[PDB]
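Chains B and A, in that order, are what the protein sequence lines are. Start counting at 1 in the first sequence, then tack on 12, and there's your number in the deposited numbering. Start counting at 1 in the second sequence, then tack on 461, and there's your number in the deposited numbering. Don't be surprised by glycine CBs; every beta carbon is placed ideally from N, CA and C. Presented below is the structure to which this report refers.
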Amino acid sequence: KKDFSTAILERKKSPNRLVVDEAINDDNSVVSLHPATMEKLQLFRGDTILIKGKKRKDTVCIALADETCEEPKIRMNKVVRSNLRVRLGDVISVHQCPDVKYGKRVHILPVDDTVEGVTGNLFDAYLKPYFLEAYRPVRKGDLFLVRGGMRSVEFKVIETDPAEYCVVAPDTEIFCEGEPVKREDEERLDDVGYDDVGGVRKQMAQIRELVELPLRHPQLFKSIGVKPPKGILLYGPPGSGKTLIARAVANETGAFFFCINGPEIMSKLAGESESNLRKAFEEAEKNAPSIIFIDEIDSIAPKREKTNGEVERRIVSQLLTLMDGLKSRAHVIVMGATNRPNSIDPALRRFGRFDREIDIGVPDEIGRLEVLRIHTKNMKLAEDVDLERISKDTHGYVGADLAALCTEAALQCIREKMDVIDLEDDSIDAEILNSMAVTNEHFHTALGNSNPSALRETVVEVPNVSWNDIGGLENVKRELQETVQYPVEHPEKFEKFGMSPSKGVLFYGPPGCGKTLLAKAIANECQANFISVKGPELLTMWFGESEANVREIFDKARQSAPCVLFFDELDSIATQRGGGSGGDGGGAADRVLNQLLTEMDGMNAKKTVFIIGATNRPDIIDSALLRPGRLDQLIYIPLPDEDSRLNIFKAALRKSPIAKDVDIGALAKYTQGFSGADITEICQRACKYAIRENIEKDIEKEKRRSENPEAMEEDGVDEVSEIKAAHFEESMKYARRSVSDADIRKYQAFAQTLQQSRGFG
Amino acid sequence: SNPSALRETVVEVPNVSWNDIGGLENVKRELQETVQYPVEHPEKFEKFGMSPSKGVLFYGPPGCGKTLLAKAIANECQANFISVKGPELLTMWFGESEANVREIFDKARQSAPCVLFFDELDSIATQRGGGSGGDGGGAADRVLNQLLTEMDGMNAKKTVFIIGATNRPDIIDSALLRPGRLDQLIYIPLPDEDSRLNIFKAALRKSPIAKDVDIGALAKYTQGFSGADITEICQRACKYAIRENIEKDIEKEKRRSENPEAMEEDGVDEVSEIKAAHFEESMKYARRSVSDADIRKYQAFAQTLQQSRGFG
Ligand SMILES: Nc1ncnc2c1ncn2[C@@H]1O[C@H](COP(=O)(O)OP(=O)(O)NP(=O)(O)O)[C@@H](O)[C@H]1O
Ligand SMILES: Nc1ncnc2c1ncn2[C@@H]1O[C@H](COP(=O)(O)OP(=O)(O)NP(=O)(O)O)[C@@H](O)[C@H]1O
Ligand SMILES: Nc1ncnc2c1ncn2[C@@H]1O[C@H](COP(=O)(O)OP(=O)(O)NP(=O)(O)O)[C@@H](O)[C@H]1O
Ligand SMILES: [Mg+2]
Ligand SMILES: [Mg+2]
Ligand SMILES: [Mg+2]
C-alpha cells in the first residue's frame, strides 16, 4: 500500500495527452502533430482540433504532419503556448473538432500596444490578407498574431459565429471596429492557477477533493450514500497562501466564484452588509455549482466576547442562518480564510458550517524553493543564481516573505546600477535597462536585509537530524527504537499480542549529552513530524493566548499524526509542586504543569503520537509527569565515555578542513567528563584560532606585496587553512567541563531513584 | 479523525470488574459494606436506625490499584462513575470558575446512583499552608474549600458516594477527613507474594505467554514492586518479543529474497509467544517505584492519618 492522500494531484497519462513542444511553424491557428499521434487520435493531415489547456483555457488549430515530432510531443507555436497558458513540458490533452463550423462572422479587434505605429485600416492590412481563403480556425478568447509589414498586431478572437469556435471561410465579413481590447485587460488573464501555488500538496489535495470533486463529480458521493462537507476553513500564518489557493481552486474547478471580503462587508452602512451577504448566497444558489469564498471572515464573525456592537452580532447571525440554509445541497460550497482560527466565533466551527479545516502552514525547504522558482519565473535572473542555498537560508519565511525578498533583490540590483543611471532625466537608456540582471550576491544581501515573520509559529516538519549526527548512545537508540518506531511502523504487532504500548518518554541527564538531538533523530527515522516546544515558550503562552496555547499545540500534534511532541527544558514548567503553594509567577509553571497533564491524559487514545520530555534537573521534575499514561518511561542519557567522545568529535568535525596530522582519538583521552557541548565549543575555539591565523597570514601576504608592488604573485596561494593541532591545543587550554565530578554521581543516583518520586522523600 | 467531546465529563458504568484487580480481598470486602449495601439495600440502614457514611479515602503507595477499585465497585453496583483529577480541577477555576465543581456535583446528583472519584488529591488537597497566601495555590485552596462545601450538601442526596485517592497522605488536608466527608480511611498496601501472582495473571490474562513461563516464579523475585511496575515488566517483555519476531520475519523474508528459487517451506509465522528470556531481560532493567524507606512511612500514616485534624 501507499499513502493515497496525494492521489488527486497525480496526472493520469492517456493516449490523448501530448507534451508541449516547439513548432516548426509560427502559425497561430495551425499546429503540427506527428503522424503516429494523429493515427492514435484518428486524425488526418490538416484537420482542426481542440487543445485542452490549463485554467480552463483552450484553443483550436489545424494539426499538420511531421516525422520529427516525437510521440510525446505536439509542436505548438509560441502564440498557442501563451493562449493555453502552458509552458514547454506541460501535458495537455487533444480532442477532435468534428464540427469545423465554417463561420459567417469572426469579430476581430486589436490590442493597443500591438497597434502603435499603424496608419491604415487593420482589416485591409492584417486580417483579410491572412484570413481570406486561409480557413484558419479561430477560438474565442485567443490572441492570434498577425503582420502587415513591419508592425506586428495581435488580435483577440472577440465574437465568432458559432460563438465558441469556427473556421474563417472567405464568407467571413468583418473588419476592425475600434480598439476596445487594450492590453491592460491581461490583468484578468493568466492570473492564478495550480501551477502558481507551490509548497502545498497535502493541503491542496485535501481542498481539491473537498471542493472540486463534490462540484464536478457528485455522482460518486451520491452513489456511496455520503453527503460531502459544504464548509471549508483555510487558516494559517498571514500571507502564507490562503487567498491565492482559494482563487486557484475556484478558477481550476470552473465554477461560479463569488468573493465576499470581510472589510468590504463591514465598511458599509447597517442593512447593506446583510443585504450583500444574502445577495451573494442567493446568486450562488441560482448559478450552481458555486463557491463562496469569505476572505477575512474573522472581521465579520469574530469571537462574540470581543465584538461589542449589535450590527456586528447581527451580521454574524445572518451568516450563521445563511450557512444553515445551505443544507438544500444546491452544489454550493462555502470556503473561508482566517489567520486567527481561534478568534473565529465557536458557532462557525460546527457541523453544518465550517467543520473541515485546512492549515496552510509554513513551508519547508522544498516548498520555499518552489515558491522562489514561481516568483522568479519572470525576473531576469543571471546564470549563477542558486535558489537551493536561499531556500536553505530562508527559515521562517512564508511565501509573501519570499516575494518581498525577490523584490528587495531586484531593488538592490537597481541600486548597484544607480551609478550609471541618472534620475534627473525623465527617460532611462534602453540598453542599461535591458542589461540589469539579479545575481546571487543581490539575493544574499536582500536576505540579510530581510526578516522573517513566521519564525515564532510552531513548525511541524520532519527534522534533518539522523543517528549519524549523534555519537554513541547505542543502547539508548536501541531502546528508543522499541519504544517509538515499532508501535508506529508496526502498530498491529502490539494488538497481536494483546498489549498496548506507552506514549511517553523522559530524557534526564547531564546538559549537553544530546537529549534534544535524539528526539529529532528518532522522528527522522520514523519519518514522523516533530514539534519542538520549550518551557520558556510555554510560560509566556499563558500570559497571552492563555488556555488555548497548550490545547492548540496538542491539537496540532493530533492533526499531524504521526508526531513526536518534544518538551525541551522541563526544568521550568515541571518545577515540583511547591510545598507552600502560592504565587502567580509560579502560577504559570503550575498552569503549564496541570494543563499539560490534562492534555497528556487525553493523548493516550490518539495513537501514533509520542510525548517526549527532557530535563537537566530530575530532582525538581514533578512526580505527576512520571505517572503511567504520561512520561513514565525513564531513559538516562549519560556523559559520553572514551569511545563516545571520539564519535562526538568526528560528528562535530564531519565537514571540517581538519589537517592530516590531527589525532581525533588523542583528544578523547584528555577530555573526560566533558559534555558534547564542550566538545563542540572546543572545535569552535579551534576554528576561531584558525580564522585568526589565516586572516593574519593573508594580511601579511597582501602587505608584503604592497610594500613594493614589483614583487609578483609568487606560487604561494591561499590554502585550506586546515585546523592544525596547535589550534586544538589552545582550545583545550581554555576548555572547561560544564559538568563537575560531583554532579555526575548525583545523576547516577537519580537514575537509580527517580521514578520513586510519586511517594514521600 | 479526532474526537471533540473528549474533555467533557463522562457518566458511564466502568468496564472494570473485581477480576482485573489482583488481591486486595479485605479491601473489597470492606468496600462492599461501605458502598454496595447502602445502595442495593438502602432500607436496611433505616431498619436499624442508623445512617451510613458517603465518603471514602484511598491512601497508599502509587500503582497499588486505587483508581481501579473505584471503577470496580461502581461496576458491581451498576452505578455511574465520574472521574475527576486534581490537575483538571485546578484549571477549572481559571475558566468556568465557580461553576465547574458545582457542575460536576450537580451532574453526580442527577446521575444517582453515582461514584464521584477524585484521583490525584496530592494537588488540590495540599494541606492549608501555614503562611496562607499566593494565587497559584489560591487554586488549590479554592478546589479545597469549594469542594468541602459541596461535600457538606452531598450527604443528604443519598446513593452518591465520594471517593478520593492520594499518594501523599502526609499533605492531605485534615478537613477532608471530617465526618460528613471523606472520613472512612482505607489503606491500599503494596501487593504481597500471593497478590503479585494475581497481578501478573491479570496483566497477562489476554497475552500469548508460552507454556514454559512460570508466572509464580517472578512473584518471588519481584518484592516491593507496585502493580504499575509489574505491568511495565510485561510491557518490556512484549517489546522484546516484538523485536525478536520482527527480526525473525525480516531474516526469513531476506533469506527467501536472497534466491527466490527458495520456496516457502513449512516454516510459518508463529504466535511469537513471550518466552522466559524476554521476562528475564525485563526484570534486568525493572526497578521498584516504591523504596523500602517509603513503605514503613505509609504504614505509619495508616496508623496515624485520621489524627491530622489536631496538632502535629
Ligand atoms: N505558495 C505560494 N506560491 C506562490 N506565491 C505565493 C505563495 N504564497 C504566497 N504567495 C505570494 O504571496 C502573496 C501573498 O499571499 P496571499 O495569498 O495574499 O496570503 P493571505 O494568507 O491571503 N494573506 P492575509 O489575508 O493578509 O493573511 C500572494 O498573492 C502571492 O503573490
Ligand atoms: N551525543 C552528541 N553527539 C554529537 N553532538 C552532541 C552530542 N550531545 C551534544 N552534542 C552537541 O551539543 C549540542 C547541545 O546538546 P543538545 O543536543 O542540545 O543537548 P540538551 O540536553 O538539549 N542541552 P541543554 O538544553 O543545554 O541542557 C548539540 O546540539 C550538539 O551540537
Ligand atoms: N492490584 C492491581 N491489579 C492489577 N493491576 C494493577 C493493580 N494495581 C495497579 N495495577 C496496574 O497499574 C496501573 C496503575 O495503577 P492505578 O490503578 O492507576 O493506581 P493509582 O493509585 O491510580 N496510581 P498513581 O496515580 O500513579 O498514584 C493500573 O491501571 C493497572 O494497569
Ligand atoms: Mg487573504
Ligand atoms: Mg533539553
Ligand atoms: Mg489515584
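With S593/B and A601/A assumed to form a contact (beta carbons below 8 Å), what rounded beta-carbon distance in angstroms separates them? As a working note, residue 593/B is residue 581 in the first sequence. As a working note, residue 601/A is residue 140 in the second sequence. About 5 Å; that satisfies the 8 Å criterion.
Cβ pair count under 8 Å reaching 3, the stretch 159 to 169 of chain B against the stretch 119 to 138 of chain B: yes
Below 8 Å between beta carbons: does that hold for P652/B and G483/B? Counting from one through the first sequence, the residue named residue 652/B turns up at place 640. Counting from one through the first sequence, the residue named residue 483/B turns up at place 471. Against a cut-off of 8 Å, the Cβ pair of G483/B and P652/B comes out as a contact.
Is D580/A close to chain B, meaning its C-beta is less than 8 Å from at least one C-beta of that chain? In the second sequence, the residue the question calls residue 580/A occupies position 119. Not one chain B Cβ lies under 8 Å of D580/A.
Exposed unless 16 or more other CB atoms sit within 10 angstroms - verdict on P548/B: Here residue 548/B refers to the residue found at position 536 of the first sequence. The residue in question, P548/B, is exposed, as its Cβ has fewer than 16 Cβ neighbours within 10 Å.
Residues proximal to ligand 4 by C-beta, any heavy atom closer than 6 Å: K254/B, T255/B, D307/B and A349/B
Kindly say whether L609/B, judged by its beta-carbon, lies nearer than 8 Å to any beta-carbon of chain A. Residue 609/B sits at position 597 when you count from the first residue of the first sequence. Yes, contact with chain A.
Best match in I735/A, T627/A and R716/A for proximity to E726/A [C-alpha to C-alpha]: Indexing the second sequence from 1 puts residue 726/A at position 265. Ranking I735/A, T627/A and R716/A by Cα distance to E726/A puts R716/A first.
Report yes if the C-beta of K527/B is less than 7 Å from at least one heavy atom of ligand 5; otherwise report no. One-based indexing of the first sequence puts residue 527/B at position 515. Yes, the beta carbon of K527/B sits closer than 7 Å to at least one heavy atom of ligand 5.
Buried versus exposed, by CB contacts within 10 Å (16 or more), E708/B: Counted from its first residue, the first sequence places residue 708/B at position 696. Counting Cβ neighbours within 10 Å, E708/B comes out exposed, since fewer than 16 surround it.
Closer than 8 Å is the cut-off here; do at least three beta carbon pairs connect the stretch 27 to 38 of chain B with the stretch 74 to 89 of chain B? Segments in contact, yes.
So, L530/B versus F519/B, is the Cβ gap smaller than 8 Å? Translated into the one-based positions of the first sequence, residue 530/B becomes position 518. Translated into the one-based positions of the first sequence, residue 519/B becomes position 507. In this structure, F519/B lies closer than 8 Å to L530/B by Cβ.
Apart from the five residues on each side of it in sequence, which residues of its chain come closer than 8 Å, Cβ to Cβ, to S340/B? By 1-based counting over the first sequence, the position of residue 340/B is 328. Contacts found: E297.
Runs of alpha helix (DSSP H) lying entirely within the stretch 348 to 432 of chain B, each at least 4 residues, in chain order: 377 to 387, 399 to 405 and 411 to 428
I believe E221/B touches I20/B by the beta-carbon criterion, under 8 Å. Please report the beta-carbon distance rounded to the nearest angstrom. As a first step, residue 221/B is located in the first sequence; it is residue number 209 there, counting from the start. As a first step, residue 20/B is located in the first sequence; it is residue number 8 there, counting from the start. Confirmed, Cβ separation roughly 5 Å.
Can you check DSSP and say which residues form a bridge with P499/B? As a working mapping, residue 499/B is identified with position 487 in the first sequence. Looking at the DSSP assignment, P499/B forms no beta bridge with any residue, so it has no partner.
For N476/B, verify whether its CB is less than 7 Å away from any heavy atom of ligand 2. To locate residue 476/B, count along the first sequence from 1; it is residue 464. Outside the cutoff, so no.
Along the chain, where does the alpha helix (DSSP H) that runs through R704/A open and close? Position 243 of the second sequence, counting from 1, holds the residue named residue 704/A. Counting along the chain, the alpha helix (DSSP H) containing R704/A begins and ends at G688 to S718.
Could you tell me whether any Cβ in chain B is nearer than 8 Å to the Cβ of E549/A? Working through the second sequence from its first residue, we reach residue 549/A at position 88. Answer yes: the Cβ-Cβ gap between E549/A and chain B drops below 8 Å somewhere.
So what's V488/B in DSSP terms, helix, strand or just coil? Reading the first sequence from its first residue, position 476 is the one you call residue 488/B. Three-state DSSP puts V488/B in a helix.
My assumption, with CB atoms under 8 Å, is that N536/B sits in contact with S478/B. Please give the rounded CB distance. Residue mapping note: residue 536/B aligns to position 524 of the first sequence, counting from 1. Residue mapping note: residue 478/B aligns to position 466 of the first sequence, counting from 1. Right, their Cβ atoms sit about 6 Å apart.
Per-residue DSSP class, three states only, for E185/B: Walking along the first sequence from the start, residue 185/B turns up at place 173. Here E185/B sits in coil by DSSP.
Relative to the alpha-carbon of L582/B, which residue among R570/B, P523/B and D596/B has its alpha-carbon at the smallest distance? In the first sequence, residue 582/B corresponds to position 570, counting from 1. Checked all of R570/B, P523/B and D596/B; the closest Cα to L582/B is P523/B.
So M553/B contacts chain A; which residues on that side make the cut at Cβ distance below 8 Å? Indexing the first sequence from 1 puts residue 553/B at position 541. Neighbours of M553/B on chain A: none; closest Cβ ~13 Å, over 8 Å.
Which value, in whole angstroms, describes the spacing of the CA atoms of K568/B and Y498/B? Taking the first residue of the first sequence as 1, we reach residue 568/B at position 556. Taking the first residue of the first sequence as 1, we reach residue 498/B at position 486. Each residue's alpha carbon lies about 23 Å from the other.
Smallest Cα separation from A664/B: which of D481/B, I74/B, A292/B and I444/B? Counting from one through the first sequence, the residue named residue 664/B turns up at place 652. Selected option, being the one with the closest Cα: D481/B.
Chain-ordered neighbours of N606/A on chain B, where CB pairs are closer than 8 Å: Your numbering for residue 606/A matches position 145 in the second sequence. Those within 8 Å of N606/A in chain B number zero; the least Cβ separation is about 14 Å.
Status (buried if at least 16 other CB within 10 Å, exposed otherwise) for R259/B: Along the first sequence, one-based indexing puts residue 259/B at 247. The residue is buried, with at least 16 neighbouring Cβ atoms inside 10 Å.
Outcome for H229/B when other beta-carbon atoms lying within 10 angstroms are tallied against a minimum of 16: As a working mapping, residue 229/B is identified with position 217 in the first sequence. That one is exposed.
Just to confirm my understanding: we take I444/B, look at its own chain, exclude 5 residues before and 5 after, and list those with CB closer than 8 Å. What are they? Counted from its first residue, the first sequence places residue 444/B at position 432. Within the same chain, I444/B has close Cβ partners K429, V432 and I433.
At a CB-CB cut-off below 7 Å, which residues of chain B make contact with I711/A? Residue 711/A sits at position 250 when you count from the first residue of the second sequence. Here the premise fails: no neighbours, minimum Cβ distance about 11 Å.
Who are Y247/B's beta bridge partners in DSSP? The sequence position of residue 247/B within the first sequence is 235, counting from 1. Beta-bridge pairing links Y247/B to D371/B.
Would the beta-carbon of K66/B fall within 8 Å of that of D207/B? Reading the first sequence from its first residue, position 54 is the one you call residue 66/B. Reading the first sequence from its first residue, position 195 is the one you call residue 207/B. Cβ distance < 8 Å, so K66/B and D207/B count as in contact.
Note down, in chain order, all residues in the stretch 466 to 484 of chain A with a beta-carbon under 9 Å from any beta-carbon belonging to chain B. Residues are counted here when their Cβ sits less than 9 Å from a Cβ of chain B; for the stretch 466 to 484 of chain A these are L467 and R468, given in chain order.
Within a Cβ cutoff of 8 Å, which residues of the same chain sit near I632/B, ignoring the five residues on either side of it in sequence? Numbered from 1 along the first sequence, position 620 holds the residue referred to as residue 632/B. Here the set comprises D583, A586, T587 and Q588.
Any beta carbon of chain A sitting closer than 8 Å to that of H739/B? Here residue 739/B refers to the residue found at position 727 of the first sequence. Answer no: the Cβ-Cβ gap between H739/B and chain A never drops below 8 Å.
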